[PDB]
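Chains as they are written, first to last, in the authors' numbering: chain BJ, 67 to 197; chain BQ, 30 to 251; chain Bx, 35 to 196; chain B9, 63 to 100; chain BK, 17 to 192; chain Bp, 2 to 98; chain CL, 10 to 54; chain Bq, 71 to 138.
C-beta: ideal position from N, C-alpha, C; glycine also.
Report on one structure; see the data block that follows.
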RNA sequence: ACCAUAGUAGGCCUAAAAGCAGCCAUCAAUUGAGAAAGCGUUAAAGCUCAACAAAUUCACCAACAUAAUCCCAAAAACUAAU
Ligand SMILES: [Mg+2]
Ligand SMILES: [Mg+2]
Ligand SMILES: [Mg+2]
Ligand SMILES: [Mg+2]
Ligand SMILES: [Mg+2]
Ligand SMILES: [Zn+2]
Ligand SMILES: [Zn+2]
């Protein structure tokens, strides 16, 4: 191969890195939920039902999310992000209220997550909920 | 995910009034009475005049030699005028209106009897000359798209070019000729009259260097 | 090499992937720095349509070419190998790489015309009725121009048209 | 079908195929877009 | 069978175009909708045309959702003008301040579209300012005394320009 | 996801997808999930439910689909590719139904 | 550093080291430090 | 309808709050100068919004030649 | 492959101009989607493009019918050729 042409970070990449660092700092509950194709109406309704319990949703590209997460303390979440995904952000978490809405839609799975530094599968969220 | 790129911005482009192409006249206002002999030598070989850009960044470039008559001008004018945004683009004639008288005889005449009568006028165009020059706040690609039509409908072979494209192909042209592996170039042989080759060559060849033959120009010829 | 199996049991159908053993690249290549599979074995400009042992390594059990990103061939050499495989098929080499169809082996056709180095496909070619004289002559293509860089031991270039 | 010297797609549904040693343009939506290179 | 967007004036609903060709083509009763729509919109005496979302069902029955009135109206009223600028940004139509945009904003915050969006009022105000840009209406930070110095100048200039435009439109109607 | 919409999913009863997020091999089954869960295929028939079974320990990803032929099609994605599952799904569940 | 690997339903018998060393530091105290402990936890919570 | 507002009529047709009642953001928003590309900081999100917009405009201009 | 929701039928002229006879601005929500690059409508509605996310072998241009008694050497891709 030709010698190595190092690529340079854009402002986009740095803004995303900053934003994601802040995202992992602030919210106590970060729940990975596979992004699923819905009507715009239904996605808006979902965002609003999350607005009622104050929970926020966020979406980042795998491109800039994966290296950040493999260098992060959170690297055990790497196998989760291989497909499409949606990041559920919660400050001052109540999990049972998120599970309430996720229950309404059967085809919209909750996969992994971390609640107050505790990395859990869906069953861990079912357990944290009943608590 | 794909990262963006800075878009080319034109703050420096000043659009002139009457951006569209001027109407050109079928016959000059002072019609030539005296019938001229036909230099074919004005179509022949490389072009001297009009080889460079002036205001605009795009052009139609003539790869052959030829004659442009009024029909051609009409074609270019109409096509370019309705294919451009008069706000964002302007065009310019790099070619004079047809000045050169060309004769005919009535079909069915015997040979001899005199010269003919003046049928129409034309403009001579030598290979390497810009026909039409378009500037604007445009990117090259749009202009290229519709300019290639006009280019294709001209008598000679022709291309659509930008400043970048032109300098690209000139540097490529000279780089091809300093790369050349075989010792034997048309120049080297002709100038030194090797094999008495001058016998078969024209004098003009010493300048043309085998790149131009008649009105034809083949760029591949080093 | 991963087989996909399908079973029908009592109105329930099971489809499952199953992995078999893949042979591996031979231990010691002559030009290990070499990028492309052909080139690190020093086969560049050497293999011809005739070399089957090489060609059969990229294709499918049913006779078609393997895709490039899987094989890893330099683009150029991929095209070359593809040409050669077409030619080899047509030449009646790799008889075991056709698809198997229990009915169609029975209905004989006029015994296969022996051919080799055939660039086009037999069905696509119009007979040339007009030939033409010495100065304008219709020539019949033989082999492919993709191979015109093969090493010539005679020194005379291969003849691609007659 | 029209025999043409230059083939070009007249819509997004045209596809471009090499058969019987020629190039073709087949279109399922508008059959009028069919073209056979000469 | 689908949805319909209908922008309709306050106390005005009539069994003719737009409603006749639009709702009549879907196979929906025009009079029932005029009745219900007027029932709901007779309670707004502010006289504001509202965009409304009409869901038209497969059985030819229907449902209706009334939204906040158009920003074009709210701003036409905020600047006190009638019609917006002919050439926008080249000329001015009317003038407003922070207060107008803020009021119109916390009014349109309950709109169907901005309801589901949790966006603060700063965002909606951004939207309304943007909608003002194209309507020919100019914002100013603190304009009040100069709001009236303006209105007494600006209105005279808008009357001058509207009379000049009406005269030139008479001359261009005659030349045509 | 487009080829499923054209094919009229209304012949199906119940579709569940059982997979294990932390395994390395589950991408295929996930792709299948997001292809069936899309609005087109989901709105072709409302009589069909799509259930996502998410477990950590199960260790074997699987797809089970019942339809009104009295038929049960179970494809275990392990080494199977997404569009192989979707093509199998198509030719199986359309030609029969 | 890295975080936990999330064991789950089918087989998880495993409780954390922290809980065990805490119940071990609780079991090693005399009842005067058990009543001290109880008071210091009753006040804060 | 039609309404002619003066300093008497613009305040009488509306309820206009005091200047201490109105939020901060209302004064910060740019009235008439829509921002340019050079002006914005490349480390700000809005810059990239604008760049995206310009990229779209560019693509749109380049697509003027579509045969389809 | 994939996907499309927001002020809003943006302001005007016109019987109607709802992204898309024309003229002027071209702002603004959302991670993300132009006051819209093509089709479409009487005005819509409706299809696509660019946008997110998903991914990523390579992809700029290049192709062009024919004559009159009967086609017109035969043939041939390697054993070493300045
Ligand atoms: Mg020509
Ligand atoms: Mg934006
Ligand atoms: Mg797209
Ligand atoms: Mg013919
Ligand atoms: Mg013969
Ligand atoms: Zn290679
Ligand atoms: Zn077509």
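Check your understanding: Where residue 95 (chain BJ) and residue 87 (chain BK) are concerned, what is the direct C-alpha to C-alpha distance, given to the nearest angstrom?
Key -> 40 Å
Review point. Can you tell me whether residue 117 (chain Bq) is buried or exposed, with buried defined as 16 or more other CB within 10 angstroms of its CB?
Key: buried
Check your understanding: Is residue 139 (chain BJ) helix, strand or coil when you go by DSSP?
Key -> coil
Point to revise | Cβ pair count under 8 Å reaching 3, the stretch 186–201 of chain BQ against the stretch 119–128 of chain BQ | key: no
Check your understanding: Smallest Cα separation from residue 92 (chain BQ): which of 216 (chain BQ), 145 (chain BQ), 42 (chain BQ) and 187 (chain BQ)?
Key -> 187 (chain BQ)
Exercise for review: List the residues of chain BQ that residue 128 (chain Bq) touches, going by C-beta distances under 9 Å, in chain order.
Suggested key: 36, 37 and 168
Practice item. List the residues of chain BK whose Cβ lies closer than 9 Å to the Cβ of residue 113 (chain BJ), in chain order. Key: 132, 133 and 134
**Study point:** Rounded straight-line distance, which links the Cα of residue 134 (chain BQ) to that of residue 145 (chain BQ)
**Key:** 5 Å
Check your understanding: Which word fits residue 45 (chain CL), buried or exposed, when buried means at least 16 other C-beta atoms lie within 10 angstroms of its C-beta?
Key -> exposed
Practice item. Give, in chain order, every residue of the stretch 100–130 of chain BJ whose Cβ lies closer than 8 Å to some Cβ of chain BK. Key: 110, 111, 113, 114 and 117
Check your understanding: List, in order along the chain, the chain Bp residues whose C-beta lies closer than 7 Å to that of residue 51 (chain Bx)?
Key -> 79, 80 and 81
Point to revise | chain Bp contact residues for residue 36 (chain Bx), given Cβ-Cβ distances below 7 Å | key: 80
**Study point:** Cβ-Cβ separation, residue 13 (chain Bp) to residue 66 (chain Bp) (assumed contact under 8 Å), whole Å
**Key:** 6 Å
Practice item. Find the residues of chain Bp that neighbour residue 20 (chain CL), judging by a C-beta separation of less than 9 Å, and give them in chain order. Key: 58
Review point. Does ligand 7 have a heavy atom nearer than 8 Å to the CB of residue 18 (chain CL)?
Key: no
Point to revise | Alpha-carbon to alpha-carbon, residue 169 (chain BQ) and residue 86 (chain BQ) | key: 8 Å
Practice item. Pull up the CB-CB distance for residue 123 (chain BJ) and residue 116 (chain BJ), whole angstroms please, since I reckon it's below 8 Å. Key: 6 Å
Exercise for review: Give the secondary structure of residue 162 (chain BQ) by DSSP, where H, G and I count as helix, E and B as strand, and everything else as coil.
Suggested key: strand
Check your understanding: What whole-angstrom Cβ distance do residue 153 (chain BJ) and residue 125 (chain BJ) have, given they're in contact under 8 Å?
Key -> 6 Å
Practice item. Kindly identify the DSSP beta-bridge partner or partners of residue 19 (chain Bp). Key: 54 (chain Bp) and 63 (chain Bp)
Check your understanding: Is the stretch 96–116 of chain Bq touching the stretch 161–176 of chain BJ, taking contact as three or more C-beta pairs under 8 Å?
Key -> no
Check your understanding: By how many angstroms is the C-alpha of residue 142 (chain BK) removed from the C-alpha of residue 177 (chain BQ)?
Key -> 45 Å
Point to revise | N- and C-terminal bounds of the alpha helix (DSSP H) containing residue 169 (chain BK) | key: 160–191
Practice item. Any chance you could list the alpha helix (DSSP H) runs of at least 4 consecutive residues sitting entirely within the stretch 184–216 of chain BQ, in chain order? Key: 192–208
Practice item. Would you mind stating whether residue 68 (chain BK) and residue 22 (chain BK) have Cβ atoms separated by less than 9 Å? Key: yes
Exercise for review: Check whether the Cβ atoms of residue 20 (chain BK) and residue 71 (chain BK) sit closer than 9 Å, and answer yes or no.
Suggested key: yes
Check your understanding: Secondary structure at residue 8 (chain BK), three-state DSSP: helix, strand or coil?
Key -> Within the shown structure, residues of chain BK are numbered from 17 to 192, placing residue 8 (chain BK) beyond reach of any answer.
Check your understanding: For residue 151 (chain BQ), which of helix, strand or coil comes out of DSSP?
Key -> strand
Check your understanding: So is residue 54 (chain CL) in contact with chain BJ if we call contact Cβ pairs under 9 Å?
Key -> no
Point to revise | Within the stretch 58–139 of chain BQ, ranges of the beta strand (DSSP E) (whole runs, at least 3 residues) | key: 87–91, 95–98, 118–122 and 129–133
Check your understanding: Pairing CB atoms from the stretch 101–109 of chain BK with CB atoms from the stretch 45–64 of chain BK, are three or more of them under 8 Å?
Key -> no
Point to revise | When 223 (chain BQ), 128 (chain BQ), 224 (chain BQ) and 76 (chain BQ) are compared against residue 59 (chain BQ), the one with the closest alpha-carbon | key: 128 (chain BQ)
Practice item. Check whether the Cβ of residue 189 (chain BJ) lies closer than 8 Å to any heavy atom of ligand 6, and answer yes or no. Key: no
Check your understanding: Taking 9 Å as the CB-CB limit, is residue 71 (chain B9) close to chain Bq?
Key -> yes
Practice item. Check the C-beta distance from residue 77 (chain Bx) over to residue 88 (chain Bx) and give it rounded, since I have them as a contact under 8 Å. Key: 7 Å
**Study point:** is_contact[residue 22 (chain Bp), chain BJ] using C-beta, thresh 9 Å
**Key:** yes
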